[PDB]
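>
Number of protein chains: 6
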Amino acid sequence: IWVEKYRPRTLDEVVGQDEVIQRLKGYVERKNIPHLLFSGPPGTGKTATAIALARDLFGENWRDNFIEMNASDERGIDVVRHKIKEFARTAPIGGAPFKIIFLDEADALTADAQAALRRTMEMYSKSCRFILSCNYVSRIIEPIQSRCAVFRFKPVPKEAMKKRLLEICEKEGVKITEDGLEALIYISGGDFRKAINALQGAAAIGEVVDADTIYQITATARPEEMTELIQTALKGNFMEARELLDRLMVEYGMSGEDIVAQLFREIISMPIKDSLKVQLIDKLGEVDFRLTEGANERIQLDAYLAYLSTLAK
Amino acid sequence: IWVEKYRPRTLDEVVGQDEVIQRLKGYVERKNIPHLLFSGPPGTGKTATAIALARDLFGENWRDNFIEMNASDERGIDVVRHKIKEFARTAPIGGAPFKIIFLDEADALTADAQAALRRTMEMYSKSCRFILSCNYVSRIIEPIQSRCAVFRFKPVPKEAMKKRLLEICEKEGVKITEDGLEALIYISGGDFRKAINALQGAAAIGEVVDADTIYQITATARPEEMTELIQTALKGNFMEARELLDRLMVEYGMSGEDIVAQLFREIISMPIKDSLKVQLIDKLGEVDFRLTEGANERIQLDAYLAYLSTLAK
Amino acid sequence: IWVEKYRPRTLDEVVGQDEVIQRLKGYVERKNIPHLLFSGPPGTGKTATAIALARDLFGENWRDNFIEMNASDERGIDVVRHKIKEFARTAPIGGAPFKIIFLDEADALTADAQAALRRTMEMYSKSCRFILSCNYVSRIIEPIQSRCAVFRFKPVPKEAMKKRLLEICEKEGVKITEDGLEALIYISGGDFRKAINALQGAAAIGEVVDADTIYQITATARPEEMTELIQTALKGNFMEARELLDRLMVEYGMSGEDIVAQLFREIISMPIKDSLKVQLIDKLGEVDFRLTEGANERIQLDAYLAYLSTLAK
Amino acid sequence: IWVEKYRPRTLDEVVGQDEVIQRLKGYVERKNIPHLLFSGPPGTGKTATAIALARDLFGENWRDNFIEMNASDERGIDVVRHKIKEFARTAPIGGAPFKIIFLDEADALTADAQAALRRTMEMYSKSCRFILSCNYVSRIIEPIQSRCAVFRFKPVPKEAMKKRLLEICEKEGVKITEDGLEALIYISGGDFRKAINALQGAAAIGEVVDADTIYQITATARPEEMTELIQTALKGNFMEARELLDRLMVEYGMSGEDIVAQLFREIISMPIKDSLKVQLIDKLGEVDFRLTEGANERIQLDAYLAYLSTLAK
Amino acid sequence: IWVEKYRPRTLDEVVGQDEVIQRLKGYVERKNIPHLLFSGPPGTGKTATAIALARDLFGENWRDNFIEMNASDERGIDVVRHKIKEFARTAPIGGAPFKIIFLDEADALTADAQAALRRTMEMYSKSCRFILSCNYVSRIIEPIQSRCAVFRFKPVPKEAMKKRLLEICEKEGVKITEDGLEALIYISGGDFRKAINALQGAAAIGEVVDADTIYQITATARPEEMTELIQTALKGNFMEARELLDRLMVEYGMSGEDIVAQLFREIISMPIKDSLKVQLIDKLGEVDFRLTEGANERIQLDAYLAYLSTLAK
Amino acid sequence: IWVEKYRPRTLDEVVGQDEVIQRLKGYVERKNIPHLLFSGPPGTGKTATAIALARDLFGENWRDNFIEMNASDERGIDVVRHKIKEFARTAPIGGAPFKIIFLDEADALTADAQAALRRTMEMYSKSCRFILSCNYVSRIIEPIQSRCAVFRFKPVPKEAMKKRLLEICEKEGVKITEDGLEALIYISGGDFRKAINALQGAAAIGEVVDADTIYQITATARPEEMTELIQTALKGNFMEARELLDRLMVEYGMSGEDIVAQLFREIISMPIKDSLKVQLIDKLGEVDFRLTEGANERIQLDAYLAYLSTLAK
């Protein structure tokens with residue numbers, strides 16, 4: 006399960022996030038941690054560095070102290086408070102003052118539960134410390150940002166991930182091609198968890214990791230096929246386009262959201278006029294809405310391939 | 006009841022899914038099963054291979070261990086946990102290490118129930134194993150795909166099913182024609198359960214299995230007749246269309262839902278403009294609603310044939 | 006109560022359904038009954054033949070064994086299971102192997118209750134047997150059609166019913182005219198229960214059964230009056246049409262659904278263009294909906310007579 | 006409370022319904038009652054004759070046997086079955102064979118509850134009997150009409166009620182004018198309960214019962230005021246019309262349905278062209294729908310006064 | 006808290022409702038009360054007179070007997086029945102026969118709970134009595150109106166309230182101007198509770214009660230300013246309108262609901278065509294929804310001022 | 006933590022709110038406080054003045070008496086009532102009559118909890134006093150406004166905050182530019198907590214506080230960048246605009262709501278025609294809705310940049 010076997014071990018090993026880590030290192034020399042707020046897209050390293058941050062400060066004895074828990078399971082903030090009192094009365098065994106709790110998905114709670122943090126902040130900043138992961142900082146009520154040093158994780162980039170992916174491979178006897186690497190990244194959206202997990206799943210199978218084997222495992226169309234489907238649509242061949250999208254949707258087994266996602270990506274990365282690209286995206290915006298309201302997947306989608314085949318003349 | 010009497014017995018006997026089985030065989034030589042995730046359309050062999058997978062690993066004593074249960078019945082995940090503890094304490098009687106639980110309709114649960122799997126995965130991977138059937142992989146939250154080897158079942162194809170259908174027949178003294186076979190497949194949508202079940206139902210009756218007898222059993226007009234009815238409607242011949250739909254609705258004895266279903270299928274598979282197909286489906290969407298609210302079958306339906314015969318000019 | 010006093014006694018006596026009975030007879034010579042599925046409109050003979058089927062196989066002792074029960078009363082499938090165990094342990098007293106249970110309105114249950122049939126099918130096919138009545142076959146989940154020989158009851162035709170109606174009369178000293186017979190059938194929709202019940206109600210009164218006395222008892226306008234009302238509407242005389250529909254609706258005392266029904270019938274059987282007939286039916290479709298949602302009977306109806314009187318020029 | 010103090014005592018005393026009673030009398034000479042079905046508008050005498058029918062057959066001891074209960078209170082059909090067993094075991098004390106139960110609002114139940122009647126019909130037709138009141142016969146599933154002698158109550162009429170109203174008055178020292186009588190009937194819709202209740206309420210006040218005092222008590226607007234409001238609307242004076250409808254709606258305190266009802270009545274009884282009357286009623290049909298869907302009373306209503314004030318030129 | 010300190014004490018002191026009270030007095034000379042039904046807008050005196058009615062009949066000992074309770078709290082009709090039995094067994098201490106229970110918000114209950122009143126009406130009309138407050142009489146099922154003397158409270162008129170308001174003031178050392186009185190009534194909607202409460206709140210502050218201070222306390226723009234904002238919008242000056250609505254929304258500090266409320270009031274009371282008023286209200290309906298779903302106050306509101314400034318040409 | 010270190014100490018020190026404070030001072034000379042109601046946007050000084058009001062009346066001993074608590078935590082109104090009885094029995098130690106309780110977020114409670122205030126108002130107005138903070142006065146049921154002197158806090162203003170911000174800086178050795186000050190206020194929305202907190206966070210970093218460093222810390226785009234993105238969109242360069250919005254959305258890490266917010270601000274503060282600004286805001290209104298319903302962030306947003314690039318010609 007590659008995405009854990011390559012969980013960074015020191016802050017130095019979390020890549021793409023110099024911005025955050027360069028200054029997050031300046032908290033290990035002094036041994037200070039004010040409640041951390043980690044913001045960013047998923048699969049970029051919030052949990053990783055919050056491990057490698059607890060790992061660089063305790064040495065060998067992190068597992069005993071640090072604990073990760075999902076903050077959106079609404080009845081457990083109050084049931085995991087006895088872990089707050091045993092954990093605050095125990096002094097870091099070795100030669101350190103403070104101790105850490107990680108809280109994934111913080112930005113899912115309404116105003117209320119958020120407060121309960123505070124009566125363990127001013128009472129435990131000489132013992133306890135929180136790291137709060139959230140998708141966006143905007144979504145955490147101010148009275149907490151107030152007591153937090155904030156870190157905005159940016160989506161990692163191509164070469165930095167591509168490198169790390171290779172290292173996960175050479176060290177695990179997996180043979181990716183260049184094709185399957187580049188493809189493993191189209192997939193990833195710049196999200197490691199997604200990327201690693203995929204690779205892992207393609208590694209489990211028989212040997213060579215082709216561009217395809219990656220497209221198959223994640224159920225996301227070859228980008229060549231999309232810009233075929235969109236193209237054969239724009240030309241005027243509706244029934245053909247419908248055929249493709251069908252075949253396509255069964256081959257990998259994508260959702261309507263999933264198809265509309267790729268439709269988007271490949272509508273953007275088309276080399277067509279900014280004048281027309283709008284017309285497409287606008288409608289695509291429309292269609293994506295229709296779906297989320299609960300309208301019929303098949304009909305709205307085919308109805309969008311219809312949209313394109315009017316723009317023939 | 007043919008669809009069980011021909012339930013594949015070994016992985017070798019599940020057809021059309023080489024892609025999955027070829028490598029699912031490589032789990033019987035080594036006797037490894039990491040929690041399996043089966044994705045695909047219904048009636049393609051998820052349950053079948055998950056039986057024939059448990060059957061090829063236990064030999065004669067599968068029934069005692071393996072158990073299938075529907076995962077969407079929301080109050081029973083927790084009531085069928087005592088089957089998890091008797092089943093994990095009993096070592097596979099014979100000479101095998103591990104044991105299996107199949108979970109149909111996994112992709113119906115919201116984030117929560119999905120987690121409860123995990124505290125029996127790391128505690129039972131030296132005793133228990135799960136196979137998860139779902140319509141689409143996209144619909145299972147990542148923390149599970151994480152611990153799963155994934156398999157995307159594709160819809161079985163024409164000739165592969167047509168063959169198996171014949172074998173079910175010659176071995177059960179049923180006389181299908183070529184017509185009734187081809188028709189038994191229009192019906193099937195590439196879904197065996199649907200196909201087998203139909204055949205079975207046509208076999209129960211008096212002898213020869215015509216194209217018709219299949220269309221009747223599934224409630225269901227010759228697709229030639231629909232695209233006739235829709236067409237004679239679009240031309241402007243309302244009274245003619247109404248006649249057809251009537252005759253049609255008595256010949257096979259379809260519901261309003263049933264008619265509106267086929268209306269849909271054949272409105273999609275029309276070779277007409279994406280521009281117009283919308284107008285039709287939109288209204289069809291409307292009509293289908295009207296019916297479910299309890300409006301009058303005959304009037305809303307004829308009122309839809311009216312809709313089409315305005316679009317003459 | 007004529008509709009029982011003339012309940013067919015042998016399969017030979019159920020008329021209009023040769024299609025079903027001709028081959029349902031071939032189950033009395035061999036003494037086989039695989040679970041029967043009876044599909045068709047109401048008042049066509051599903052219950053009748055399922056009696057006359059149990060009557061032709063037990064001779065004199067059917068009442069003791071066979072029992073009819075409505076399957077839509079949701080808490081009684083499980084309370085009438087002790088009738089399943091006393092009934093399966095008792096061997097048909099005489100010289101027959103098997104026994105019957107009739108289940109009206111089967112097509113009202115959601116997927117679940119339907120299954121419970123099965124654990125008495127494979128355990129009781131050497132003792133028990135089910136006959137399932139339903140409006141449409143399409144509405145019974147496949148796993149049951151699977152184990153059923155299916156029979157589609159068609160709406161009994163004109164002459165076959167007209168004959169039986171006369172026999173009910175000559176044998177009950179009722180004087181119908183030809184007018185009142187033909188009218189008793191316009192009413193019936195090809196549904197005996199409806200027809201017999203009507204006749205019965207017209208017989209209770211004073212002597213001669215006119216065309217009218219039938220129209221009055223069922224609360225259904227002379228078809229001459231409808232095509233008058235629709236016509237005087239189409240001409241442009243709104244206030245006149247409204248008068249008629251009023252008088253009309255009090256004379257027989259029809260519902261809004263009832264009026265809209267006849268409106269439909271006589272809009273179809275008009276000898277007017279297929280071009281215009283649509284406009285009418287479309288709106289009629291509209292109006293019928295408005296009513297079922299709970300809108301005001303009088304206003305929507307008069308508002309439909311309005312609709313027609315715009316189409317003057 | 007006049008509407009009870011003048012509850013008819015013998016079938017002879019129920020007026021306007023000769024049609025029903027003339028032949029309902031022919032059931033007291035023979036002492037037969039097959040389950041009665043009473044259909045008709047409300048306040049026309051279904052309950053009355055079903056009392057006066059039980060009163061003419063038991064003489065002095067009806068109250069002990071006969072019981073009226075509303076059939077739409079869904080959990081009480083089964084709780085009032087022990088009244089069915091004490092009532093069927095007790096033989097009519099005196100010299101009569103049978104006993105009666107009245108069931109108001111029968112046409113409110115879905116298919117199911119209706120059946121439960123039957124297992125007390127064939128078991129109690131030598132002891133029990135049902136009288137079923139319903140707004141329309143069409144709304145009672147056939148298997149009951151089957152076992153019922155049916156009676157369609159027509160809306161009483163003017164002079165028959167007007168007479169009875171006077172008798173309620175002379176015998177209660179109330180001074181209605183001719184104006185207030187005629188008006189007491191515009192109100193009534195041919196519904197006694199409505200009429201009597203109104204009169205009663207106008208009698209409670211100070212002396213003379215004017216046309217007005219009746220219009221005021223029922224809030225149903227003076228018909229002069231409506232055709233004022235509609236007129237000042239049609240002329241073009243929107244703000245004036247809105248004022249009236251407001252004042253009007255507070256003076257009597259009508260619902261939106263209630264206003265739209267009177268709007269209708271007085272739109273019909275306008276002496277304006279059949280050409281225009283349509284336009285009005287059509288929209289009124291529209292508006293009435295909008296309301297029943299739950300749209301805003303005030304806005305749709307004023308929005309209808311808007312509609313009229315466009316038709317100025 | 007002025008709205009109680011000036012709770013009328015005798016029927017003579019409830020103003021604006023001569024219509025009701027003049028004849029409600031004729032129930033204190035005779036000492037009769039048939040179950041009262043009070044209908045009318047809120048804040049017009051239903052509770053007040055139902056107090057002052059119980060106060061004029063018991064003299065000094067009303068509080069002990071009479072009790073007010075909200076009838077919409079669905080589980081308490083049956084829990085406050087033991088107050089019905091202690092209250093019916095105790096004879097009015099002094100020299101009176103009967104006793105009273107007030108039931109606010111009666112018109113919130115579905116058919117069922119309403120019945121339970123009746124088995125304490127015929128059993129307690131020689132001890133108990135009910136007064137039922139409801140917004141509209143139409144909304145109380147007939148079987149209760151049946152046993153009720155009905156009273157329709159009209160919205161208290163201008164001068165009658167304006168007088169009472171002054172008396173509340175001179176007797177409490179508050180200095181309203183004529184402006185602040187007239188304004189205190191624009192506010193009131195003819196609803197005292199609303200009016201008194203407002204006045205009270207403006208009295209608490211520093212001295213003189215201006216037109217403004219009243220508009221501010223109730224949140225609520227000068228109606229001149231709204232029809233300015235709406236107007237400058239309709240003309241085409243969007244940026245101007247946005248400015249106003251801003252200034253406006255800060256000056257008084259209204260919610261989005263509050264603004265949309267006034268927007269409505271002044272859209273209605275515009276002297277513009279019924280044709281256009283619709284367009285506005287329709288969208289306003291739209292906007293109000295958008296807000297309640299949680300959309301952005303500022304953007305939807307400005308987006309509505311946008312809506313209006315398209316309708317320039 | 007600047008936003009507390011500069012918590013105003015006397016009413017004189019709360020800026021921008023002369024309107025409220027000028028007359029709130031007239032309550033310290035007399036030593037009267039009727040229950041205060043503080044209405045206004047967040048971060049404008051409700052809590053501040055309610056501190057500085059308690060601070061100007063007790064001198065040195067406020068902390069002991071006054072207590073602030075959030076009123077939306079629904080189970081604690083009743084658990085913090087024992088703080089009401091110890092606090093009401095203790096007379097203000099020194100030479101004052103009365104005592105204070107502050108209640109933030111009052112406008113979150115449904116009708117019920119609001120009442121419980123009252124039985125401590127008339128029992129404690131010679132000991133206790135409440136200050137109620139709420140976003141809008143409209144949202145507090147009248148029976149409380151009734152007993153409250155009301156104060157509408159307006160959003161502070163530019164120069165008053167800008168001054169205080171500078172003082173926080175010169176006294177903390179922070180070097181803001183004019184750019185970073187003006188920007189620190191675009192951010193603030195006129196909300197100090199927001200502003201101070203931001204400044205604080207930019208001060209923690211390396212020296213000079215640029216316009217940017219402020220835009221970065223709050224994850225709110227440079228207003229120059231928005232009106233670039235909107236502009237390059239309006240010109241017709243869709244793909245360019247999409248690029249910007251992307252880069253932009255990753256640089257600061259804004260939500261969809263957050264982006265749509267700034268989109269709005271800078272659409273307003275554009276110097277473009279009132280004619281076009283509408284078109285933009287209308288759609289922006291649309292888009293913002295789409296998002297809140299749950300539609301796809303990326304697609305609706307890009308779909309809005311599409312919208313703008315159609316308005317090229």
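Chains as they are written, first to last, in PDB author numbering: chain B, 6 to 318; chain C, 6 to 318; chain D, 6 to 318; chain E, 6 to 318; chain F, 6 to 318; chain A, 6 to 318. Each residue gets a CB set at the ideal place from its N, CA and C atoms; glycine is no exception.
1) Quick test of the definition: if touching needs 3 or more C-beta pairs under 8 Å, does the region 189-204 of chain C touch the region 49-64 of chain C?
2) Decide if the region 38-46 of chain B is in contact with the region 135-143 of chain B; the criterion is three or more beta carbon pairs, one per stretch, under 8 Å apart.
3) In whole angstroms, what separates the C-alpha of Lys167(A) from that of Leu306(F)?
4) Rounded to the nearest angstrom, what separates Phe92(C) and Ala121(D) at their Cα positions?
5) May I ask you to report which of helix, strand or coil DSSP gives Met74(D)?
6) With DSSP as the reference, label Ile149(D) as helix, strand or coil.
7) CA-CA distance, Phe158(A) and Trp67(F)?
8) Applying the criterion that 16 or more other CB atoms from any shown protein chain within 10 Å of the CB defines a buried residue, is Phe156(C) buried or exposed?
9) Tell me, to the nearest whole angstrom, how far the beta carbon of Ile222(F) is from that of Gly206(F); I am working on the premise that it is less than 8 Å.
10) What residue does the alpha helix (DSSP H) around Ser280(E) start on, and which one ends it?
11) Is the CB of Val283(A) under 7 Å away from at least one CB in chain F?
12) Beta-carbon of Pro39(A) versus every beta-carbon of chain F: anything under 7 Å?
13) Only counting the same chain, and skipping five residues up and downstream in sequence, which positions put a Cβ closer than 7 Å to that of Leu62(C)?
14) Given a cut-off of 7 Å, decide if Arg169(C) and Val20(C) are closer than it, judged by their beta-carbon atoms.
15) Using a Cβ-Cβ distance under 7 Å, would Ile235(C) count as near chain D?
16) Tell me which residues share the same chain as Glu18(E) and place their Cβ nearer than 7 Å to its Cβ, disregarding the 5 neighbours each side in the sequence.
17) For a contact meaning CB atoms closer than 7 Å, what does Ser260(D) contact in chain E?
18) Do we get a CB-CB distance below 7 Å when we pair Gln305(D) with the residues of chain E?
Straight from the coordinates:
1) yes
2) As far as the Cβ criterion goes, the region 38-46 of chain B touches the region 135-143 of chain B, which means the pair count is three or higher.
3) 29 Å
4) Approximately 26 Å, taken between the alpha carbons.
5) strand
6) helix
7) 45 Å
8) buried
9) 5 Å
10) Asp279 to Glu298
11) yes
12) yes
13) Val33, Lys36 and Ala101
14) In terms of Cβ geometry, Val20(C) and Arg169(C) form a close pair [threshold 7 Å].
15) no
16) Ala57
17) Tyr141, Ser143 and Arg144
18) yes
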